[PDB]
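Quick reminder, even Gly has a Cβ in these numbers, built from the backbone with ideal geometry, and neighbours come from all protein chains shown. What follows draws every value from the coordinates through simple rules; no lab data is involved.
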Number of protein chains: 4
Amino acid sequence: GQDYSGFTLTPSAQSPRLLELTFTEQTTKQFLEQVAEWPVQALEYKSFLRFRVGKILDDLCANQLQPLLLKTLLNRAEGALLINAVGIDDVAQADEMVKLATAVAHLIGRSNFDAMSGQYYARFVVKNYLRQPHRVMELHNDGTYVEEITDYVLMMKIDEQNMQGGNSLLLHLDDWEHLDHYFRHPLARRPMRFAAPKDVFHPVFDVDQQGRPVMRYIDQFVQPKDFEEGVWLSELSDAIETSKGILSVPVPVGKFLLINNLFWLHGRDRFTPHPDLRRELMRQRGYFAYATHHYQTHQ
Amino acid sequence: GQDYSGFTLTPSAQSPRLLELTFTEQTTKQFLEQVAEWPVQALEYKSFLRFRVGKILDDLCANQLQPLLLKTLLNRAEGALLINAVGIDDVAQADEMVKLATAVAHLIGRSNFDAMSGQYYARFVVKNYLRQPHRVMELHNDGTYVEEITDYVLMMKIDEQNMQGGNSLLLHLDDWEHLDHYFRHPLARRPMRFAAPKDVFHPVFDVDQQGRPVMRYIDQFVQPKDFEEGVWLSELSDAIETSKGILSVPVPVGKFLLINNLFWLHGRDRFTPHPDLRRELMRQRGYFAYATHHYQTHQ
Amino acid sequence: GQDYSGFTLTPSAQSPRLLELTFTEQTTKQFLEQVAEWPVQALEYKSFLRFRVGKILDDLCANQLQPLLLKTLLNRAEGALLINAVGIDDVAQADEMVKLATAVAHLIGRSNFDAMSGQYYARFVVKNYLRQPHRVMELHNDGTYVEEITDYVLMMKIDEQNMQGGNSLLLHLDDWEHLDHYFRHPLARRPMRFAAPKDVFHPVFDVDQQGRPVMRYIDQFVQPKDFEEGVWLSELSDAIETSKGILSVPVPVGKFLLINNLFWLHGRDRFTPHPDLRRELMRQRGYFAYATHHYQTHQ
Amino acid sequence: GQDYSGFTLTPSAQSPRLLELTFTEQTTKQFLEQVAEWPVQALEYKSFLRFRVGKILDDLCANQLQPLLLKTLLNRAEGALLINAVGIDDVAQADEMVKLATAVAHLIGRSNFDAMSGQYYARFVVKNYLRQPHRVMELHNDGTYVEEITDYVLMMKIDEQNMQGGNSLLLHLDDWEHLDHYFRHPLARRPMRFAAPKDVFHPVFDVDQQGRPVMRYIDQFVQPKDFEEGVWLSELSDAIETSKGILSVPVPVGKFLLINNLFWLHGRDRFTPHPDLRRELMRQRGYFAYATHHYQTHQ
Ligand SMILES: [Fe+2]
Ligand SMILES: [Fe+2]
Ligand SMILES: [Fe+2]
Ligand SMILES: [Fe+2]
């Protein structure tokens, strides 16, 4: 995998669709110097600073970062990245981790308000029905019960102690062996009710600009209105969960997954409970916003 | 009463309009095996599983169950069932009870969110003004203060210890000796205000597709706007409560009433307080949703 | 003052506009017998019972009560009543008091939900800035910050111990010596903002059907938008409060004022604090609803 | 600076745009006599009294006050006042301070509901990230996340003990050396999202009636939608904060700043924490409402 200014990029061991982007130690060192004056708390109060820290990182990569992130995330054949910075790999560096993740996100779009934290990101600690270790968290898309589309999901590993399992699960729609069967079903186009934990109605599948399937699915929030929709959804669920195309991805401390939420589903594998278990995560979810040469009216 | 695959059906001792459906021990055994992998908690999070457990039970009855439930519930001459499964008859089996009731409901429609429990069903324990033993709960219809129609009411007996009385009361509109007198009154068609414990306005009576009376009445939530509406409603109330057509139905542990809420009213008889009284109930309320050969437009 | 069936009516000592209606001991005795089966709690849950207890009282007065209440309350020259029943005059009889007040109100209209109690009436106990004894409560109309009109105000004295002062104050617009001066001012017709403790806009004065002034005024909830409206309202306030037409009315235990809120203002005089002071009140507020021979369309 | 009836007016030491208005001891004495009958609590309940106390003060200044306040606040070349009354200069006089500030505000407009206090003004005590002494509070305009425009900001110093720093910062748009550069940028006219701590959309700049720049900006509530808006806002922020036109104004106890919020920004300098620090402030924010000879339709 290739050499860019300030970082390297290589395919993952799980899939060529998922690429691993690592910022050099020198880029990392300089980034942290140049953003030291804004603590995370400044980023939380002034959203424009989220874009500024973005600019600082991209400028350190000779402006090669932003176009690469976008080309990868929007490329149907790929659409997923695992990102890290050499030197940021310990829980003591959580703030620095948030700054990094924030900078990358705000080069490609904007992170949405998170109702769990009341901020643009959320950090969660896991320590020893839905909260359950031996439970796989089923593959899904985020953002299914609001009108606005969530284009990206960012999941960062902040701490990991005494943890067995709990890999991120991923499925690219084009690796799913049953796509054609479910996409070509009439109920693939049936608007269904999705309800928060005001209701919205949208189909479970849609298409991208070129007519290729995309999904907006989660088992917990979809609300089949009758026996027809119900049985079909229970079959679709089994067809996703038993897929041979599912990826299992370890996310080491300091690294984060950044994926296109339209044609990747994500989930979490089970893990072993242990009295001294500690896992800390950070999430952001947002929309893409980027410049292209395209048409406009007026002056 | 007749033999179907997996269950038997017979008229009740109270009325030929109310039929008693009992699943055989073998059906019950197999149902519980085949649904063991989804605990009630799974059904609460993923509504499609509610329809799946429905399918499993109907499949065990050679697909004779679903059409029989619908034919009975929609039949004006009947419209009520008391349902049980041989082998499920103790409070220790409450989860199994919920699964059964859920499976039957989601063959005929879908159960609505219950604001008391925050789930698609609600379980309540009674132990020693509105909470009162010596108080009869007056005959009524459910769902009178929302715009959407509640088609069915399901009441299951989960536990019963040291209980005297407290039978379910039922009245089929066609057994009510004063129907003609109240239905033909001009105020039968007067939209009246109904208010939750946003207000809705609907008449106290309406008609089914064939022009036969249906009701949407409850004394607590109807809000007569003046002396005219008030006196008439107080007279209608007395005329319902003193009706000779009222049924009194014991609901033993493991059994549930499932009734058409348009032309049956329901209520509860008084019961004797006792220091060691324990009654546990489960309710679901929902709409009908079923396939028929009927017209549609477009392709 | 005159003799009707079941009650007597006479002018007050304060004004010929305020009439005193007293139910005979026999009417009272029979009313209480005939309504004993519905405790106040029944009236709170089933609003139609509020109209029924109305019917029972009017029937006991040979149907002379309802037309007299309406003729008095709607008569511009009067519009106020002080009502009592011989034999109901002690705090121990508070429930009976509520039943009586309820019966009278629901012969002339319907009492509105009271947000302080969550019921159709509210009972308040006073015992030892706004809560202040040496503070007169300024003359006002109720219902000024909702779109719907409040036609009547009912204030009943439930208990009174160790109380000096605290009479009800009343002003009939036609006894107000400054009416013409304020009514003919351009700001009398200026819609002004009124805001709850969504905002509404209405003028401080309006007219009845015959073009005679009515008011919708309270100093606490009117929200002058500028110096013009502000100064004028402060002058109007002084002109109401220093009026020579103000009535001061003692309301003995068991008695209640029932007034037309369009052309009477009400308030409360100061009272002496005392360690063993106890005053208990009940209020209802509502709209008029009554039959008359008038035009309608269709069949 | 000039002599008016009841007060004097002189330019500040910081700028000729900011004028210092001091009521004479005699005006002050008479004002306090003539408003003694309405405690602050009366002003809080009856908003018309806020305008009345205004009238009393202006009347004491031969009606020269109101026109001078308006001429100053609306004058583009000025638009800011520092106001005090000889004899009101101690925390023990806080109520008198509120009355004074209220009287002045309600000669020029009306103060809006303050959600922090639930009243038309708010008092705050400061004693020993956003709450931070060594933090400058950045220059901003108030009222940026509601549809209605806030025309004035009033900040009064009620108490000051053991305080180093914490001056009010001010910037008049016409003293800002980078105005032309940012105002002439296309994003100056881009409606941007502003969100409360329902969202509103307005540009960061607008124009007054003569086409001169005005601002509606605060770093905390503006929500850049993408990298373009974000970077530009971070640059605008630096350009405001490092401006050589910024004023630093000490506000002694008893004095208050009253500024035009359209073409002045305000903020606060850092201050030294001290164990026995006590600063008490009062704020009001409102709209202008005043008489002028202008056109109207109808009669
Ligand atoms: Fe997710
Ligand atoms: Fe019910
Ligand atoms: Fe009142
Ligand atoms: Fe401010």
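Brief remarks follow.
- In nanometers and ordered shortest first, the copy-to-copy spacing of the D:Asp174 label point, defined 7 Å from Cα toward Cβ, is 6.2, 6.2, 8.8.
- Among the residues of B:209-221, the average count of other protein chain beta-carbon atoms within 10 Å of the residue beta-carbon is 1.
- Cβ-based exposure ranking for C:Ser234, C:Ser47, in which fewest neighbours within 10 Å come first: C:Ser234, C:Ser47
- For segment B:2-11, backbone phi angles converted through the Karplus equation (6.51, -1.76, 1.60; θ = phi - 60°) give residue-by-residue couplings of 7, 10, 10, 7, x, 7, 10, 9, 8, x Hz, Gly and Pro being listed as x.
- With neighbour counts taken as other beta-carbon atoms within 10 Å, the residues A:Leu57, D:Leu257, A:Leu9 rank, fewest first, as A:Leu9, D:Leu257, A:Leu57.
- Residue-averaged 222 nm ellipticity for chain A, from DSSP H runs of 4+ at -39500 (n - 2.57), nearest 500: -7500 deg cm²/dmol
- For GluC sites (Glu not before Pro), the sites in segment C:26-98 that DSSP calls loop and that have at most 16 other Cβ atoms within 10 Å are C:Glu37.
- For C:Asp90, inter-copy label distances in nm, listed shortest first [label point 7 Å out on the Cα-Cβ vector]: 5.9, 5.9, 8.3
- Beta carbon of chain A nearest to the axis of the rotation taking A to D, residue and angstrom distance: A:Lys198, 10
- Neighbourhood net charge (15 Å Cβ-Cβ; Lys/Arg +1, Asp/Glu -1) for B:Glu160: +1
- Simple label model, 7 Å out from Cα along Cβ direction - C:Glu147 to B:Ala291, nm: 4.7 nm
- Per-pair calculated FRET efficiency, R0 = 60 Å: C:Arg278 and D:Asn167 via Cβ, rounded to 0.05: 0.60
- Summing +1 for each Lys or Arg and -1 for each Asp or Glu among the other residues whose beta-carbon sits under 12 angstrom from that of D:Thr28 gives -2.
- Radius 14 Å from Cβ of A:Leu65, net charge of other residues (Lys, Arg +1; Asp, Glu -1): -1
- Nearest-first distances (nm) between copies at C:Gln210, label 7 Å from Cα via Cβ: 5.9, 5.9, 8.3
- Amide H contacts of A:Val214 (H built 1.01 Å from N, in plane; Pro and chain starts excluded): A:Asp206, A:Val207, A:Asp208 sit under 5 Å, all sequence-distant by 5 or more or on other chains.
- For segment A:247-260, 3J(HN,Hα) per residue [Karplus equation, 6.51 cos²θ - 1.76 cosθ + 1.60, θ = phi - 60°, Hz, x = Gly/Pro]: 9, 10, 10, x, 10, x, 4, x, 9, 9, 7, 10, 10, 6
- The percentage of C-alpha pairs in segment D:211-299 whose separation is greater than 17 Å is 70%.
- Karplus-derived HN-Hα couplings along segment C:91-107 (A = 6.51, B = -1.76, C = 1.60, θ = phi - 60°), whole Hz, x at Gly and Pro: 3, 4, 9, 4, 4, 4, 4, 5, 4, 5, 4, 5, 4, 5, 4, 7, 8
- Cα-based shape type of the protein assembly as shown, given that a ≥ b ≥ c are square roots of the gyration tensor eigenvalues and the cut on a/c is 1.5: oblate
- Exceedance of the 26 Å cut-off in Cα-Cα distance is limited, within the set C:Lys46/C:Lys198; D:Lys71/D:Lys99; B:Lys29/B:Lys255; A:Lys255/B:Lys46; B:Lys46/B:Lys71, to C:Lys46/C:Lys198; A:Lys255/B:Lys46; B:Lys46/B:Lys71.
- Semi-axis lengths (Å, descending) of the ellipsoid that matches the C-alpha gyration tensor of chain C: 31, 24, 19
- Whether segment C:1-55 is rounded, prolate or oblate, judged on the alpha carbon gyration tensor where a/c under 1.5 counts as rounded: prolate
- Column: log10 I(q)/I(0), Debye, Cα scatterers of segment C:1-95, q = 0.12, 0.25 Å⁻¹: -0.42, -1.34
- Cα gyration tensor category, rounded, prolate or oblate, for segment D:159-267 with a/c compared to 1.5: prolate
- Proximity of backbone amide H atoms, modeled 1.01 Å from N, is registered between B:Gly286 and B:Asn112, B:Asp151, B:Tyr152 at under 5 Å, excluding neighbours fewer than 5 places apart on the same chain.
- Which of D:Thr24, C:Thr242 has the fewest Cβ neighbours within 10 Å, and the rest in rising order: C:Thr242, D:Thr24
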